[PDB]
Amino acid sequence: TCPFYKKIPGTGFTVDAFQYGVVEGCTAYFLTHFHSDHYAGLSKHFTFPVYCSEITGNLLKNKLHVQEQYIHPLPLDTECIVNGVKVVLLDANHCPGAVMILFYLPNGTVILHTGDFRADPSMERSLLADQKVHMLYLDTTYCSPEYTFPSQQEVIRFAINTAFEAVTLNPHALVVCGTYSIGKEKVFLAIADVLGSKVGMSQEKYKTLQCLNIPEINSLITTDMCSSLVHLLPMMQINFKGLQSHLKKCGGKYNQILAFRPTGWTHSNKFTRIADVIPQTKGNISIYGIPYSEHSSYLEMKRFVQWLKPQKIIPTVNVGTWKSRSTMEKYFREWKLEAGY
Ligand code: NI
């Protein structure tokens with residue numbers, strides 16, 4: 001059944017709750033972003049109001065074929081009324097179109113639902129600065145102190161420098177980048193920009209990217225693989241067998257592959273710096289795992305929460321085990337005693 005952490009009390013609303021059939025008592029279904037564990041269940045047969053960003057609404061219409069009459073896109077940073085209740089959508093610094101949602105309950109309670117987010121100090125100057133938030137529905141993906149990772153900027157500088165050096169040393173090297181969802185577009189776009197190429201990809205992935213309102217996108221991507229020396233492939237193909245196979249397909253245009261796998265966290269984060277990352281190599285194929293995250297590190301999460309000072313925290317990730325739930329509740333209490341709220 002629908003878990004309690006997907007329901008907004010005092011309303012008829014749910015958040016990211018599309019796989020339970022008709023949730024009894026739900027008058028509006030909000031969708032924070034277009035990732036499959038969150039939209040799971042939506043299709044052209046859905047006949048309840050969906051509230052989301054413009055970009056998420058473009059993906060719902062073009063990829064899932066949800067009918068236009070049920071898609072209700074809202075502008076960001078704007079007070080809107082939904083079924084009698086004031087709401088605001090805020091940028092979540094996750095993937096394109098991802099939002100956090102502020103609910104102002106008729107009784108005076110204010111609720112923030114982060115969706116998935118990568119906390120940033122810029123959020124401390126949004127509309128959140130303007131009033132107290134009582135309850136926080138928090139993306140706790142990386143809520144443990146082992147999870148450190150570099151800034152997105154540091155990671156993109158590493159990728160751009162690595163690719164440019166390799167292709168300038170060998171003009172017959174191909175660059176390949178893995179993907180299995182929206183998000184992390186800066187990785188392949190920044191590498192293609194330094195190389196003066198468009199990124200080549202499948203018709204399905206091109207259609208997806210054309211929904212994202214990215215400026216000048218027609219100048220940056222293409223379905224013509226032959227004209228491109230940065231290719232995108234399914235993350236599943238980013239291994240030596242899949243890449244050897246891909247190289248055969250390019251008809252002797254290339255004699256070397258340099259590939260990137262933008263993972264979340266991996267245990268080499270506890271020991272190694274970004275300047276010291278090395279690839280896995282077999283023959284003329286090299287694969288780099290780069291720690292490009294679209295979720296909060298532990299320290300970013302802790303700074304946001306100690307700033308916001310909520311009265312109550314409801315985790316939305318890692319909630320399925322008693323050991324994970326107890327660990328998280330211990331950190332929440334530490335943070336509250338340290339900061340004095
Ligand atoms: Ni997500």
Side-chain angles (χ1 to χ4, degrees), residues 3 5-6 15-16 32-38 90-96 98-101 112-124 128 133 135-156 158-159 178-187 235 260-269 271-274 276-277 288-310 313-336 338-339:
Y5 68 83
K6 294 193 180 276
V15 176
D16 298 349
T32 63
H33 66 291
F34 198 75
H35 282 163
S36 59
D37 281 355
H38 300 260
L90 307 165
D91 202 277
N93 189 38
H94 184 51
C95 65
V99 302
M100 316 192 285
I101 310 160
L112 180 62
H113 195 304
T114 69
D116 285 340
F117 87 142
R118 181 163 186 176
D120 192 74
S122 64
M123 295 170 175
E124 302 162 18
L128 289 176
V133 173
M135 303 179 73
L136 177 62
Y137 288 62
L138 179 60
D139 168 16
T140 47
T141 297
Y142 296 123
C143 189
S144 199
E146 63 267 37
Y147 297 117
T148 57
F149 33 62
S151 73
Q152 291 175 169
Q153 188 272 334
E154 287 178 75
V155 176
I156 290 305
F158 172 83
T179 183
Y180 45 32
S181 57
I182 66 166
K184 307 188 191 182
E185 291 80 10
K186 189 72 171 176
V187 178
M235 197 74 79
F260 297 88
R261 295 188 346 91
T263 55
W265 169 88
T266 64
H267 187 64
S268 14
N269 266 284
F271 305 114
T272 310
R273 267 164 152 75
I274 192 77
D276 321 333
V277 162
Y288 282 90
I290 58 172
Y292 192 91
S293 181
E294 295 182 340
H295 295 276
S296 317
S297 71
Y298 172 85
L299 293 169
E300 294 165 348
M301 193 189 300
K302 176 175 184 282
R303 175 186 172 127
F304 178 80
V305 178
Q306 290 183 308
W307 173 77
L308 192 70
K309 304 175 177 59
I313 301 173
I314 304 179
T316 67
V317 187
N318 305 314
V319 293
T321 84
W322 299 117
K323 189 176 143 217
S324 306
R325 286 195 156 282
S326 171
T327 298
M328 290 181 295
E329 291 174 7
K330 285 179 24 262
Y331 295 129
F332 307 147
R333 187 58 62 175
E334 291 180 8
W335 298 352
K336 175 181 173 74
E338 183 186 25

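Quick note: numbers below take in every heavy atom, side chains included, and nothing from hydrogens, waters or symmetry partners. Each residue takes its place number in the sequence, starting with 1.
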Between [X] (side chain) and [Y] (backbone), is there a donor-acceptor pair under 3.5 Å?
{"X": "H35", "Y": "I182", "result": "yes"}
{"X": "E329", "Y": "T327", "result": "no"}
{"X": "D139", "Y": "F117", "result": "yes"}
{"X": "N318", "Y": "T141", "result": "yes"}
{"X": "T179", "Y": "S181", "result": "yes"}
{"X": "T32", "Y": "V99", "result": "no"}
{"X": "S296", "Y": "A119", "result": "yes"}
{"X": "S297", "Y": "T148", "result": "no"}

[X] vs [Y] side-chain heavy atoms within contact, under 4.5 Å:
{"X": "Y142", "Y": "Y298", "result": "no"}
{"X": "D116", "Y": "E294", "result": "no"}
{"X": "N269", "Y": "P150", "result": "yes"}
{"X": "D16", "Y": "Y137", "result": "no"}
{"X": "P291", "Y": "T266", "result": "no"}

Heavy atoms only: give me the nearest [X]-[Y] pair and the separation to one decimal.
{"X": "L112", "Y": "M100", "result": "CD1-CB, 4.0 Å"}
{"X": "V277", "Y": "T272", "result": "N-CG2, 4.4 Å"}
{"X": "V133", "Y": "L128", "result": "CG2-CD2, 4.4 Å"}
{"X": "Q306", "Y": "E338", "result": "NE2-OE1, 3.0 Å"}
{"X": "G183", "Y": "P96", "result": "N-CD, 3.8 Å"}

From [atom1] ([X]) to [atom2] ([Y]), nearest 0.5 Å:
{"X": "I290", "Y": "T263", "atom1": "CD1", "atom2": "OG1", "result": "7.5 Å"}
{"X": "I313", "Y": "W335", "atom1": "CD1", "atom2": "CH2", "result": "6.5 Å"}
{"X": "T114", "Y": "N93", "atom1": "OG1", "atom2": "CG", "result": "12.0 Å"}
{"X": "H267", "Y": "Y147", "atom1": "NE2", "atom2": "OH", "result": "10.5 Å"}
{"X": "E154", "Y": "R273", "atom1": "CD", "atom2": "CZ", "result": "9.5 Å"}
{"X": "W265", "Y": "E146", "atom1": "CH2", "atom2": "CD", "result": "6.5 Å"}

- Query: How about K323: does its NZ atom have over 12 heavy atoms from other parts shown lying under 6.0 Å from it?
  - Reply: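 No - once you tally the heavy atoms of other residues, nucleotides and ligands closer than 6.0 Å, there are 12 at most.
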- Query: Only one of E300, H94, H295 forms a side chain to side chain contact (heavy atoms under 4.5 Å, CB included) with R118, so which one is it?
  - Reply: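 Testing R118 for a side chain to side chain contact (heavy atoms under 4.5 Å, CB included) against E300, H94, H295 leaves exactly one candidate, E300.
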- Query: Could you walk me through whether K186 and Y292 pass the side chain to side chain contact (heavy atoms under 4.5 Å, CB included) check?
  - Reply: CA-CA 10 Å; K186 189 72 171 176; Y292 192 91; 4.0 Å; yes
- Across all chains, not counting sequence neighbours, the side-chain hydrogen bond (donor to acceptor under 3.5 Å, both in side chains) partners of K184 are none
- Task: Apply side chain to side chain contact (heavy atoms under 4.5 Å, CB included) to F332 and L138, showing your working.
- Result: CA-CA 11 Å; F332 307 147; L138 179 60; 4.1 Å; yes
- Would you call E124 and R303 a salt bridge, using N to O less than 4.0 angstrom?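 Judged by the 4.0 Å cut-off on N to carboxylate O distance, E124 and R303 do form a salt bridge.
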- Task: Begin with the C-alpha distance, continue with both residues' side-chain angles, and end with the deciding distance and a verdict on side chain to side chain contact (heavy atoms under 4.5 Å, CB included) for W307 and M123.
- Result: CA-CA 10 Å; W307 173 77; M123 295 170 175; 5.9 Å; no
- After noting the C-alpha distance and the side-chain angles of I314 and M135, does the key distance pass the side chain to side chain contact (heavy atoms under 4.5 Å, CB included) rule? CA-CA 8 Å; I314 304 179; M135 303 179 73; 3.7 Å; yes
- Task: For this output row, return yes or no: ring centroids of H38 and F34 closer than 6.0 angstrom.
- Result: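 Aromatic pair excluded; centres sit 6.0 Å or further apart.
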